Each structure stands twice: as structure tokens, then as C-alpha cells.
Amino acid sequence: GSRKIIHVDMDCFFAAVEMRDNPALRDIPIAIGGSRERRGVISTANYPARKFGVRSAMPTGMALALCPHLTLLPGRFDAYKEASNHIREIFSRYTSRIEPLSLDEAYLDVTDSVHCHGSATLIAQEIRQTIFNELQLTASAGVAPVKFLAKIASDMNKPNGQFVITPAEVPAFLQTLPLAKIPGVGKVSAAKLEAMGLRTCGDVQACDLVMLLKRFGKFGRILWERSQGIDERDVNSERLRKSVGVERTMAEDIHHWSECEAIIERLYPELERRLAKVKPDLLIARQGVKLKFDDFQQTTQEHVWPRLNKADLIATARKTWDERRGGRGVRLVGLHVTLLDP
């Protein structure tokens, strides 16, 4: 009993929306991120700029060395939110089984769909068309019998393409597939696996589960299953935000608490406004704060608390500021809150 699962993913999402809204940006290298003097990274970049080596996560310092004519934008969320909202209403036309992973991505289970003679392929195509019409924005898709393979599949023919994997093709496909392409395995993990000869799913299939469990725990079991193309996770549609927070990174580090306090003052309204959006009474399960020093270590203190409170956050922030820091600069302060349990 195989399911038909689609992963959709908008191409170069933030940049695409900029370039839509300003055709002049179309053929020159642009990126959304915080400027160099702001100590920012790149959020995303268009293809002209990727050409040069610009990636997401890359410090803006490096983006500009690498691509000195890089036009840099601060980004417009309402515009990204608006677009997201539309793409989702578009998915809704084809199924209710929709699980968004971020503004620009969603899984659809389309198994029990009656939409295109039950052709997953035709469905993805129909959604990539209609997203283009309607948004002037391209999207790529992956189709597969499970979440992670549709995920990997949606990258394989991007931009503005799609790619299908049938159950027939799966074992071939997993044989040479590098563990790192599996969601949940990044740098650190890949490096461990490698260091013990494991690089592809292929290699994990020759592996003893008992051992994978000894040295990664619940992660070993995931690895092991995914290697076999096993992925039982259902598209759910019911997930809710569990927390919210707000953080800022100074252009220069701060060494005096007077400054730190100044920062927090500026952050609380923002974290109040966001939380009101979702909880007018301001009722939370815990609040707390976050500091990250010059040696880039980061620490957080967070306790049970019943209702967002500016003073308490300033309080605990001073404890923190005293009791852990020992004279390093401080690059960022942030606040945080954990939503009630329902």
C-alpha cells in the first residue's frame, strides 16, 4: 500500500519575489541578507549570484569578496507571507493533506486524490503551472512514495522542474545516494559516518542496526531505515508553533550591561507584538533569554513563567550577564518564550 507523496518547493524564493516585483533585478546578481557592517549572512540569492558561489548562510563579507557587484536587499516579509498564503490556497484546491515546512515548501499526500486520473506527476505539473500563472513565480516538485525521497527529488530538477521516483526505481536510487542528502544529516553527522566508512545509503544497508543504535541512538534507527527507503511519517496538516523568540546581533560587540539593557528594551515590544498575534492574553508556559558571546558559545536561561513579563526578562538577563560571561564581548541578545501546551 504505497502513498503518492509530493514535495513542492519554490525556486530561490525570496529573490524570486524581489525580481518579480522589480524586473530590473532580473539578470544581475542579488541577494537578501543583512549588510556586511551589520554582521549579516545571506538569506538567499538568485542564480546570477549563485554562479559566483554565493550560498545561504554565507557571511555577507564573503558574498561580496566573491561577487563584488552583489546588490543586497533587506527583504520584505509581508511579500513572502502573501506569496506563501496564495501557494497554500493553491494546494488546498487539490488536497487537504498539506504539511507546510516553511513559507515556501509543503508536502502533499495525494494518494486519495481524484484530480488527474490519480497521476501524482500530472498533479505536481498542474500545481507548478497555476503557481506560475497567478504568482509569476516558479516552483519545483518531487514525487515519491515517502516524505524524504519526494524531498530529495524536488531538488533534482530545479529550477522550474520536477522529478518522479517510483517504488521500482527506489532501490537503484538509494544505492549511490550520499547519506548527507538525507534531511537530518548535516556536517557533523556526515563527518562521523564518513569517519567510519559510511558515505552512501548503499554502505548503511551493509550495516548492523545494533551497532547503529550503540553509537547514534534514535538517529541510527532513522539512518538505517532511510537507507532502506523506509519512511513511515504521515503528512499531518495539524502542526502548531510551539515557541517564539526574538534576537539581535550588534554591529559591534557590547561590553557594558547598560548597553545590553538598552537592547532588551528595544526587543520586548517586538516580542510582545508577535505573541499577541497568537495569544492576546499573553499567556505562556515559560519565558527566558539568550546570550551569545565573542567565543561564540551561546547560553540561555529559561524558566517556567505564566505571562510574558518585561522586568523578569531584564532580571534574568542581568543574572545571566553576571554569572556567565567573564569579560567576553557579547554579539547578540535575544528573548524567548514557550507556548502553552495545547
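Note that residue numbering begins at 1 and tracks the sequence as displayed.
Stretches 238 to 246 and 257 to 265 differ in mean CA B factor, with 257 to 265 having the higher one. In this entry, 28 to 36 shows the higher mean Cα temperature factor of the pair 28 to 36 and 42 to 50. Highest CA B-factor among the listed residues (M58, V278, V289, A285): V278.
As recorded in the entry, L212 carries the highest CA temperature factor of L179, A153, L212, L103. Among the modelled residues of its chain, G202 has a C-alpha B-factor that falls in the middle third according to the deposited record. For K192, the recorded CA B-factor ranks within the highest third of the chain. Only modelled residues enter the ranking. Among the modelled residues of its chain, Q301 has a C-alpha B-factor that falls in the middle third, as given in the PDB entry. The PDB entry assigns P159 a C-alpha temperature factor belonging to the lowest third of its chain's modelled residues. Split the chain's modelled residues into thirds by C-alpha temperature factor. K81 is in the highest one.
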